[PDB]
Each structure stands twice: as C-alpha cells, then as structure tokens.
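Data block below; observations after.
Chains as they are written, first to last, in the entry's author numbering: chain A, 5 to 249; chain A', 5 to 199; chain B, 5 to 50. A prime marks a further copy of an entry chain.
See the structure below:
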C-alpha cells in the first residue's frame, strides 16, 4: 500500500527493491510507498531510555564526530558490526536498519553503602584517568553510588564488606601475588589477619576466610601456644617452628 | 459526527488524519469535526486537584518559561517523555495529548508530631538550600508538618521516635560510619546508649 | 482512494467538502486525495 501513516514517535523501514536497501522512515507523518520501495514493518514506537536507565543496541550505527548517522551511499547505514554501545536517557530514537536492541531499558545499578562490585575488563581499553587497562584486570566498584555500565568492563559479582568488631581479626588468604592494604607483600596461599575495626571490604585478591576472636587471659589462666613457622611475636621474641610458650 | 458539544469543564482530542496528529479540544463549547479530523474520545472532565491534595501526570507537557504549553508544529504537543511532575491544587486542567494521569488526586501526607519520614533521593538533584544531593542519600522528614511530594525524593518508611524515660537508656547500633547527635564518630556495628 | 494517478492529457475534479468546492486537477501526474477532498470523476482527456 502506498499510504503509510506513521503515528508520532513511530518509524518504518522501506526496502528500495532497486538496490534491496532499507531506510528508517521515522516521524509523526504519513508516507507514500512507491513501486520500488517495500515497507518492511508497520510503525514501531521509538525506544526511549527513561531517566536513570540505560540500553545497549547491537551493531550501533557508525556515527561521526557530530553524531550524524553515517548513511551508506547504496541506501544502507554504516554500522559497527558486532559491537555494543551504552545509551542513557534521551529522546526516543529510531532503530536504524541493521540494529538490534541488545539490552532493553534496564535500571542503572546503584550499589548500597559498604558494598562493592567485582568488575573485570573483558576487552583491552583505557579507563577514565588514562589507565592502561588490559583484558582480565579485576575492579572493585565500592561506595553507595551508582555504576554506569560499560562495554569493556563486566561486573562479575557484588561483594559485601566484612564488619570486624573489637577484639576480633579477619583471616585473609592471597588468591594471587599482591600487597595488603598495609602495603605488605603477599604470595599465593599466604594467609594473614586484619584487625582494623569496622566494615573491612575484601579486596579482589584478598579472600575473606573467617573472623578470629581473641582469648581473654585472666590472672588465673594463660595461653599455651606452639608455633607453625618462624616468626616474631608481638613482644618481638623470635620464636622457632615447633617452639611452645 | 461533525457536531461535538463539549460540556463545561470537559475536553476532547480531534485527530487530524492529514498529519495523524491529536489536539486537546477543551472548553464549555460545542465543536465541528471536519473530514480531516477524527475525535478520539468524548468530552472528559478535566482533572482538578482539590486543596491539600496533589497529582502526578506521566510525560508532562514540555512547558516554557511562561508556562505556555509548547505545541509541536506537526500538530502534537511537546512532552517530557517518561518524566513525572507534581501538580498541586489549581483550576481543572485538560490532559494534553500524550499525557497519562500517573498519580491521582491523593492527599498531601502530613506526619503526626514526634514522627518522621525516611526519604531517599532516587535521582540526583539539588535540594531547597542548594544542597548537592546525590542518588541514594537518606532523609528524615520529622515534625508534625506536611510533606510535599517530589520526583527526586521517595519516602521509604515512617519511623516513630523512641520515648526514653528517667533512669533508662536506648541501645543505638551504627548501620554505617556516622556521627552521634553528641558528635561522636561511630563505625558499622558500633553500639552505644542514648540516655 | 488517496492515490489518483492522472495519465498525461487528462484531468480530475476534487471536491473539498470543507467548502463543497471543486478544482480541476489537470496534469500527467498522480494525485493524493485527502479526507477533506473527494474526487468527482476519473481523469478525463482534455
């Protein structure tokens, strides 16, 4: 049919069979379909991202410096095949040909306070402050704030901070060679204790094991302790392996 | 039908099929529908907000500095899609095309004395006194007064004050790093007593 | 019907029911008849 009335906030795609090319007919205006064109689908409401939401569209249109949608001379539109893009709140937009709504209008994820996100850089990229990120690097998005999703970064899980109370310590095992918040070199399998009172947030490599409670030494008791490796106790005594005290 | 009598305090929407555009025909006057127009619905009574109430309308019309309802040249009306707005008591108003009555005429919530509201800022905004609010910040609307709802602020629950009598103290656990009313630094899990 | 193809050397008359007025649509060109117009007769050779 030639007469194609397109309601406000809707769009259609007419296929010029001359070049078998499709173009997005978007606008609150009716359309005349000629012999050479063939509308692909009825007017579809343009997808709007409500504020505080986001959406990602498969094969985003290969726009330019001004954001003008680069259109192929043949009658198609230049697309970044197989890539993704994050589109935040804006006016309703038409799906140009060769684009798929990969991610719907989903809410921006806001982490609660004393909680963190275990992000990981799937694709090599450069972060906000010129950071030479590489594929595989892990990230901790802590804070009660909101995280704006990104193509090169994937959230793996949400970790929760561990509250270390008074007279308590938390067992931390290095999952890989790393440094402790006190800047102490750690090796894979090395376990240590963090006594800082508060909601201690576990790091990407530091693995929370358990909370160790102190033992209260009255005047009628004392503690019988045998070492397991060479070290120095709090008094500084250089105890040896197997030594009991 | 061409003859469309619109009773006082009612409105209709005629669709100019020429541009498939709808316009709000509001007024205590009859209307003539031509071949190009097509009324969408019979006269609907304009929604009035009774005093001390409020209402929120989906996709509020993108008004201007003077409040003139910016109308699209095509025959539509400029809308702030997907947003909300709080409309208090006023004269009955017509629903311009592309607007949905999100919140009816509900009463303004007045907290009783010695009670408070647990508000939280869903959307980043700036408060009354230029406060750099961020998304997620919590608010306590206490007082026997009345709270005027807002788009960027959501009430989470109504908390009730705890009466501490003589020779008594109340256990207070910090849910997060914070300061006590006596300006005492607190850490998550820290419990103290208020006398 | 909106689509009104007028062959070369032919003409039609569309009645704008708004004013019940008719105008000669002459030309080797197709025509779009809106809701307000109503073609009176098919293209007639001039």
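For every residue, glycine included, the Cβ atom is placed at its ideal position computed from N, Cα and C.
In the DSSP assignment, what are the bridge partners of residue i?
i              : result
residue 70(A)  : In DSSP, residue 70(A) forms no bridge with anything.
residue 60(A)  : 90(A), 107(A)
residue 41(A)  : In the DSSP output, where bridge partners are listed per residue, residue 41(A) has none listed.
residue 35(B)  : 8(B)
residue 113(A) : 151(A)
residue 201(A) : Residue 201(A) is not bridged to any residue.
residue 15(A)  : 30(A), 48(A)
residue 3(A)   : Residue coverage of chain A in this structure runs from 5 to 249, which leaves residue 3(A) outside it and unanswerable.
residue 143(A) : 123(A)
residue 249(A) : Answer by DSSP bridge pairing: none, since residue 249(A) is not bridged.
If we call anything under 8 Å between Cβ atoms a contact, is residue i one with residue j?
i               : j               : result
residue 30(A)   : residue 122(A)  : no
residue 137(A)  : residue 130(A)  : yes
residue 42(B)   : residue 21(B)   : yes
residue 114(A') : residue 145(A') : no
residue 156(A') : residue 120(A') : no
residue 73(A)   : residue 35(A)   : no
residue 54(A')  : residue 32(A')  : no
residue 16(A)   : residue 46(A)   : yes
residue 63(A)   : residue 49(A)   : no
residue 52(A)   : residue 111(A)  : no
residue 277(A)  : residue 201(A)  : Only positions 5 to 249 of chain A appear in the structure, and residue 277(A) is not among them; the question remains open.
residue 203(A)  : residue 167(A)  : yes
residue 176(A') : residue 158(A') : no
residue 127(A') : residue 59(A')  : no
residue 234(A)  : residue 192(A') : no
residue 173(A)  : residue 216(A)  : yes
residue 135(A') : residue 39(B)   : no
residue 230(A)  : residue 246(A)  : yes
Should residue i be flagged as near chain A', meaning a C-beta pair shorter than 8 Å?
i              : result
residue 90(A)  : no
residue 167(A) : yes
residue 149(A) : yes
residue 225(A) : no
residue 52(A)  : yes
residue 96(A)  : yes
Counting only beta-carbon atoms, is residue i nearer than 8 Å to chain B?
i              : result
residue 22(A') : yes
By a C-beta neighbour count over all protein chains shown, 10 Å radius and 16 as the cutoff for buried, is residue i buried or exposed?
i               : result
residue 23(A')  : buried
residue 80(A')  : buried
residue 189(A)  : exposed
residue 103(A)  : buried
residue 181(A)  : exposed
residue 61(A)   : buried
residue 210(A)  : buried
residue 162(A') : exposed
residue 77(A)   : exposed
residue 14(A)   : buried
residue 242(A)  : exposed
residue 7(A')   : exposed
Less than 8 Å between CB atoms is the rule here; does residue i satisfy it with respect to chain A?
i               : result
residue 139(A') : yes
residue 57(A')  : no
residue 86(A')  : yes
residue 25(A')  : yes
residue 127(A') : yes
residue 180(A') : yes
residue 60(A')  : no
residue 70(A')  : no
residue 160(A') : no
So, is the C-beta of residue i closer than 8 Å to a C-beta in chain C?
i              : result
residue 153(A) : Here chain C cannot be found, since the structure's protein chains are A, A' and B.
Members of the region 28-41 of chain A' near chain B, C-beta cut-off 9 Å: 38, 39, 40, 41
Proximal residues, the region 6-21 of chain B versus chain A, C-beta separation under 8 Å: 6, 7
Chain A' contacts from the region 198-218 of chain A (Cβ-Cβ distance under 8 Å): 201, 202, 203
Near-chain A' residues of the region 101-119 of chain A (beta-carbon distance less than 7 Å), N- to C-terminal order: 114, 117, 118
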